[PDB]
4 protein chains.
Amino acid sequence: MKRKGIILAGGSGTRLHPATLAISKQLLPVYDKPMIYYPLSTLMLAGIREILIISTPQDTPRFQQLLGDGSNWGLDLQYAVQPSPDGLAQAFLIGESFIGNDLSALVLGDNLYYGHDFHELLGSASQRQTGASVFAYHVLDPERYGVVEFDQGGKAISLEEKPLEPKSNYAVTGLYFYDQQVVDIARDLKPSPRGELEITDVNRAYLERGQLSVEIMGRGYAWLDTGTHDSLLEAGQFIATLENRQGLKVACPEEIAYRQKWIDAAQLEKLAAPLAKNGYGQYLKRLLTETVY
Amino acid sequence: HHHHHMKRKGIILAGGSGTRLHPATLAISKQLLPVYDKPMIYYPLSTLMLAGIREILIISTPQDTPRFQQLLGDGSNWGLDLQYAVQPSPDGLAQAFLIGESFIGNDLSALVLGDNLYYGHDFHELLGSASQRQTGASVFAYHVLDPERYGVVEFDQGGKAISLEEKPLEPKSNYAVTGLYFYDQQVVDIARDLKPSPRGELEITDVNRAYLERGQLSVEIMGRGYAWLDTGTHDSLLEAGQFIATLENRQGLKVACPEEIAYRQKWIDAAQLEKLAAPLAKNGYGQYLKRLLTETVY
Amino acid sequence: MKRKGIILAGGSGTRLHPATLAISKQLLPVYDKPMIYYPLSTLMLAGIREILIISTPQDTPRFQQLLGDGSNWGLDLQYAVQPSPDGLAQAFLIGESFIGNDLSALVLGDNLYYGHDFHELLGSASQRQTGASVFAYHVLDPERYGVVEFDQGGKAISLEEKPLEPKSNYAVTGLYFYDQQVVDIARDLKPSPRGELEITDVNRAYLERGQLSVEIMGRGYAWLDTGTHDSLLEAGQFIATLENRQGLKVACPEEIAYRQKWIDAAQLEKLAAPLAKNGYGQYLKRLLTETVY
Amino acid sequence: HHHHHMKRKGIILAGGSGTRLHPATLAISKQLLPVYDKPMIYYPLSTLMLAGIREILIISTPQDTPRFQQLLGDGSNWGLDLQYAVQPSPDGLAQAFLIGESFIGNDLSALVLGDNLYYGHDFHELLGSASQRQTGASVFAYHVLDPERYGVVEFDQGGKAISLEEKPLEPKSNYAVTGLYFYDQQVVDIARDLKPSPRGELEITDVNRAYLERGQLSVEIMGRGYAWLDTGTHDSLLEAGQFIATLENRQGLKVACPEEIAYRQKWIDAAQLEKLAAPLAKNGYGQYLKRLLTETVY
Ligand SMILES: CN(c1c(N)n(Cc2cccc(Br)c2)c(=O)[nH]c1=O)S(=O)(=O)c1ccccc1
Ligand SMILES: CN(c1c(N)n(Cc2cccc(Br)c2)c(=O)[nH]c1=O)S(=O)(=O)c1ccccc1
Ligand SMILES: CN(c1c(N)n(Cc2cccc(Br)c2)c(=O)[nH]c1=O)S(=O)(=O)c1ccccc1
Ligand SMILES: CN(c1c(N)n(Cc2cccc(Br)c2)c(=O)[nH]c1=O)S(=O)(=O)c1ccccc1
Ligand SMILES: [Cl-]
Ligand SMILES: [Cl-]
Ligand SMILES: [Cl-]
Ligand SMILES: [Cl-]
């Protein structure tokens, strides 16, 4: 079966104002590229080419202007709007017609991942034709997230959204893989006490039926925090340190399309031309003649 | 016949950065990118406010003017009056005086680059000296590692500025001209007579050289105890953010908070500052504005 | 066969003076722990418990004072001196009696690694009873390192030390696994034109006999640069960002010993006592009651 | 009978940090850790040199005194005279005056913490005012986020300092006393009469309060345009390193280069500075010392 992707790049309220007064958090850069390149690249690494970008009404033209229809990168991009930030599970209602009868994956527009064999980690989750897959990651501050509790055998037995007394330090990350049941589960959700349609309620519905795979994303992966001005700075410095050490980019969509064979050398060469005078286009030109393992 | 019985107006040039920082700047102008906790343009705006300037023209691209207007409005909230103009093509810094000719009128002026960040002690007093000069031009020179990127000032043995060179391959000194410029009423006429350089730009260094040739350029040293932060590259932008974060988290005080500067200048009163804090009350920025109302800061 | 480890933590000349005037680079911290904890942890992750620490004559008492005989961490540590910085291959002459008839691994005392399944990456190299194994890593500045050239099939065909015209961007990292032949190869080395016994000559001797395994260390791993004041800062910020995000430490030797079962819960509890009032001892105490996957 | 016909001596307290930063500090004292490109102790040493102080006592643990001596020697290379003393047990900051009693003799003094870093414009002049006071004590107050970690100064409505509290749970202000202290000849006698606090330390705040009670404490504000960098935690040490790196790489000038300060004070001449550059000539620090010989820096 085909798997379609959704990037939810909705409003971060007023929490980062005045920095985000003028423009959505996900159109701002982490080091050298727009924040949205990172979760987009995550979906591309999972082999997903048909992708819905959900943003605020005000910033959808900007996401559209930035990414186009995706055909330059061998993708098929569509756009939709989330009028009010009334919960992550709204993605599946907004995206119901887009998803149709296919499998799906949701990624949050402000989620950054780095590490070895992430392609294989996503490949495994994407291969499951039934059930849902999520990733749990050990964090200092689990109370900010959906929290997973495990029994002594290591089986996931409960999920709580932003608990006052977290049962573990394992947070659910902002990457979710779903089968054909998710739209119908989302359509039956009721708003929580904080007035949102909760993705954790979606995940708990799968858990109750024994159909939730909780994979550990180990400590050798970085799931970088973009929630505060402080953590934003850290993410930028993290990406800068890797890129300047390696001479290789993290989450370059043009590169990922080229390595997936979704575009050819001639198309990559055309994409390198507009930015030929700066580091990004120079990088793209170098991809045409260097073997990188 | 004219009658006498002067005001200084400000201009912020915030016209993006072409393709130099793409793809980071594909969706939005460089000068709306945050430096740590606030939009880049807050920093040079705060610099003009610290110079006592209340009437300011923001020059930006046609595409992003509405975003600057959304952010800053007409300035009345901060005791300012802000006007807006567009720069359809990036034809050089000195074009600010042609675009802003009607805005300037017969007044003195100051131009600041929308990506210039300054920090340090007695900066208010450093600006005061330049602002109080009613004739000629005033610029600031700062020692940098890479003067070849800038307008460079050469000094004689007595410390007098004797030449200015734009991006010399072999700089005569390490003293770069910073992106803050004070001018008298001669500047619009000087700017009108400029020809484009080989790189296709109306050059601010040519304006400054015109004042130098008339013996009316003051070059003040901005000493090494001030920070003039680099926003030219993705690397330097990260450094700028880290620098501001380090200071603010150490001190519990903000750098370039326009609400604060307006309040300290008595351009807005306590009642007004309280109203500005209300929308941001659930975040650290609003809580800071609230703390300002009761705390004495020296 | 048993595999023994060597950490070469010798002099970095005058290149980082005056910062390193008073004390060796490898006794200074990267964020929250002495630099030497990082390569030590790397050897421990490879399952190596018997380890020789080689330092300058002046700083050996300090390494000795810091780490002891290793019995507190379930290790067997020994110490030796490198009087002059006359090449990395001197490790095998200095360490000849220590190595005896066993397999060996050498790590540089200023080499920091991070990433997922690094234990498995080292396990594979450590399992080889014959030949040598090294890791190649794509870098911006290969001219600083031993550089590997590959043919079109991806086979390593040459190695050059600090070439003026590097044949690729793949640098050999500072972790080397050797069979029982390395001492004898090292004993036959002649000094290079720069007056050093070159580890690259050791590696080329294995390459010539078709006995060098060059594994790619992929871009999902971080091999952090400690060669300059600038890169030192970056390494610290990199480790800080991971540790403060996760609430888990990178290269905590006490933790690695505890997870290898080289020390028990009662021994870890004793190790947590001296530093109980600071973050490091608090971390160690938390390890006794938390399951980390 | 004594005869009259004053000199100020300096003390740097560099006695480690107990176990607080272990295991990072197991092998070496905190004050020998680099901040970016130079040992931590260069920063407060440079601060005393900027105050015009040439005769300085370094107090350290018995274990690390040889390392400080290896680094700094007798000071003659930099136009200083350095002496050394040991602090066998960490019994409080004010113990510096008992350990250093013979060193101080009948002179004025200044005490700086070996982990205190300062940066900013006219810092030389800020120190000058304090140094020139021949009687009483002078300290500096700085606005911080976390005054509960420090000696805290309370001010009346006229801006006069009226109380000092060590680590108050409910601070009266956000003004912390920095780790730089200027004293007259009364300090050794004040220090001799101190009793240990509940935490088992001879407290500098008690010394300062004694001067306050005699009406002889000057509290000068170190304004928000100066950086007083935090070295208390692993996090803050990284921030300090990043802050210095950002300034030095922007300016092509160093912060707290003792060779430079000695040269600018005319305590060493060009010939001597050339000799100091020779050992470090293949690295950036030696190349910097060389550049100093030909370049005019304002
Ligand atoms: C660093 N990573 C990475 C690669 N590894 N590869 C190589 C690569 C490997 C496998 C398949 C493809 Br297509 C491409 C790449 O071309 N671009 C990459 O950015 S990643 O898998 O950790 C990742 C990327 C984006 C967002 C989150 C994680
Ligand atoms: C840190 N500085 C500063 C202050 N010093 N004051 C206090 C202050 C002092 C004097 C006059 C006024 Br109004 C307000 C303040 O309210 N806000 C400030 O940000 S500054 O002079 O380095 C500066 C600010 C913006 C851009 C460039 C430099
Ligand atoms: C982050 N890493 C790591 C772990 N992964 N584990 C868990 C762990 C996994 C497998 C075996 C053991 Br023992 C312990 C751990 O206990 N401590 C660790 O630091 S690492 O493998 O990338 C690494 C450590 C030191 C130096 C270089 C790399
Ligand atoms: C950056 N500063 C500085 C200088 N300003 N000068 C120039 C200079 C100016 C005035 C007198 C002398 Br001597 C030397 C210098 O040669 N070295 C300097 O580091 S400082 O005043 O913020 C300072 C230094 C060390 C520790 C704390 C603060
Ligand atoms: Cl892992
Ligand atoms: Cl200065
Ligand atoms: Cl990889
Ligand atoms: Cl100030």
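Focus: the nonpolar core
- Counting 424 residues, the largest nonpolar core has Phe97(B), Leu289(B), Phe97(D) and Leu289(D) as the members making the most contacts within it.
- Sequence-distant contacts of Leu289(B), defined by excluding residues within four places in its chain, comprise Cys257(B), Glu259(B), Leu273(B), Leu276(B), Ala277(B) and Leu280(B).

What to know about helix α8 (residues 229-246) of chain C
Residues and elements named next belong to chain C.
- The end-to-end C-alpha distance of α8 is 26 Å, a good match for the 26 Å that 18 residues give at a rise of 1.5 Å each.
- Most of α8 is tucked away: 15 of the 18 residues are buried.
- One or two residues past the end of α8 sits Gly247, with phi positive at roughly 70°.

Considering the UniProt feature "binding site: dTMP 1" (unreviewed entry) in chain A
Residues and elements named next belong to chain A.
- Those residues carrying the UniProt feature "binding site: dTMP 1" (unreviewed entry) are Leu8, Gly10, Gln26, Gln82, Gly87 and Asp110 in this numbering.
- Among all residues touching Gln82, those that are not within four sequence positions of it are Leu8, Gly10, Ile54, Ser55, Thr56, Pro57, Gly87, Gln90 and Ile94.
- With respect to the element layout, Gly87 can be found in the loop between β5 (76-81) and α3 (90-94).
- Residue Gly87 is classed as buried on the basis of its relative accessible area of 6%.
- Leaving out residues up to four positions away in the same chain, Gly87 has contacts with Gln82, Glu196 and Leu197.

What to know about the relation of the copies chain A and chain C
- The two copies are related by a screw motion: chain A maps onto chain C through a turn of 180° and a shift of 0.0 Å along the axis, at an RMSD of 0.0 Å. The superposition of one copy onto the other is thereby described by a two-fold rotation axis.

Brief notes about the interface of chain A and chain C
- Contacts between the two partners involve 42 residues from chain A and, on the opposite side, 42 residues from chain C.
- Here chain A and chain C share an interface that buries about 3600 Å² over both sides, 52% of which is from carbon and sulfur atoms.
- Looking only at chain A, the three residues that lose the most surface to chain C are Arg219(A), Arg245(A) and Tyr293(A), adding up to 26% of its buried area.
- Applying the counting criterion to the chain A and chain C interface returns four salt bridges.
- Elements supplying a minimum of two residues to the side of chain A that touches chain C: β8 (132-138), β13 (222-224), α8 (229-246), α9 (253-259) and α11 (279-287) of chain A.
- Here the element with the most residues in the side of chain A that touches chain C is α8(A); it accounts for eight residues.
- For the side of chain A that touches chain C, the class distribution of residues is 18 nonpolar, twelve polar and twelve charged.

Re helix α10 (residues 270-277) of chain B
All names here are of chain B.
- Every buried residue of α10 is listed here: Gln272, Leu273, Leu276 and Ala277. For α10, the buried positions fall inside an angular range of 145° around the axis, keeping them on one side. Across from the buried face of α10, at angles greater than 90 degrees, the exposed residues are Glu274 and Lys275.
- Summarising the contacts, the buried residues of α10 are in contact with α9 (258-264) and α11 (284-292).
- Measuring from the backbone nitrogen of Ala271 back to the side-chain oxygen at the start of α10 gives 3.3 Å, which picks out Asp269 as the cap.

Topic: unusual backbone geometry
- Residue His17(A) is joined to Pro18(A) through a cis peptide bond whose omega torsion reads 10°.
- Considering the arrangement of structural elements, one finds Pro18(A) in the loop between β1 (3-9) and β2 (29-30).
- In this structure, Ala256(B) takes a positive phi of about 60° despite not being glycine.
- Taking relative accessible area as the criterion, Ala256(B) reaches 13% and is therefore assigned buried.

Structural notes on the pattern of salt bridges
- Per the counting criterion, the structure on display carries 80 salt bridges over all chains.
- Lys249(A) is paired through a salt bridge with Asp32(A); the nearest N and O atoms lie 2.8 Å apart. Here the residue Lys249(A) occupies a position in the loop between α8 and α9, and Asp32(A) occupies one in the loop between β2 and β3 (33-34), the gap between them amounting to 217 residues.
- Accessibility expressed as a relative area gives 3% for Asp32(A), which makes it buried.
- Note that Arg204(C) and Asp201(C) form a salt bridge whose closest N and O atoms lie 2.7 Å from each other. In this pair, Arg204(C) and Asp201(C) are both assigned in helix α7 (residues 199-208), three residues apart and thus about one turn of the helix distant.

The rules behind the values
- Residues numbered from 1 in each chain as written, not as in the entry; some residues may be left out.
- Chains lettered and ligands numbered in written order.
- Heavy atoms only, no water.
- Core = buried A, V, L, I, M, F, W, Y, C linked by side-chain atoms within 4.5 Å.
- Buried < 20%, exposed > 50% of the residue type's maximum accessible area, 1.4 Å probe, protein only.
- Contact = heavy atoms within 4.5 Å.
- Helix = DSSP H or I, 4+ residues; strand = E, 2+ residues; numbered from the N terminus.
- Expected span 1.5 Å × (residues − 1).
- UniProt positions renumbered as here; feature names shortened; annotations may be inferred.
- Least-squares fit on C-alpha atoms.
- Buried area = accessible area lost by both parts, 1.4 Å probe.
- Salt bridge = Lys/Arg side-chain N within 4 Å of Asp/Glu carboxyl O.
- Nonpolar A, V, L, I, M, F, W, Y, C, P; charged D, E, K, R; others polar.
- Arc of directions from axis to C-beta.
- Polar contact = N/O pair within 3.5 Å; in protein donor to acceptor, adjacent residues only side chain to side chain.

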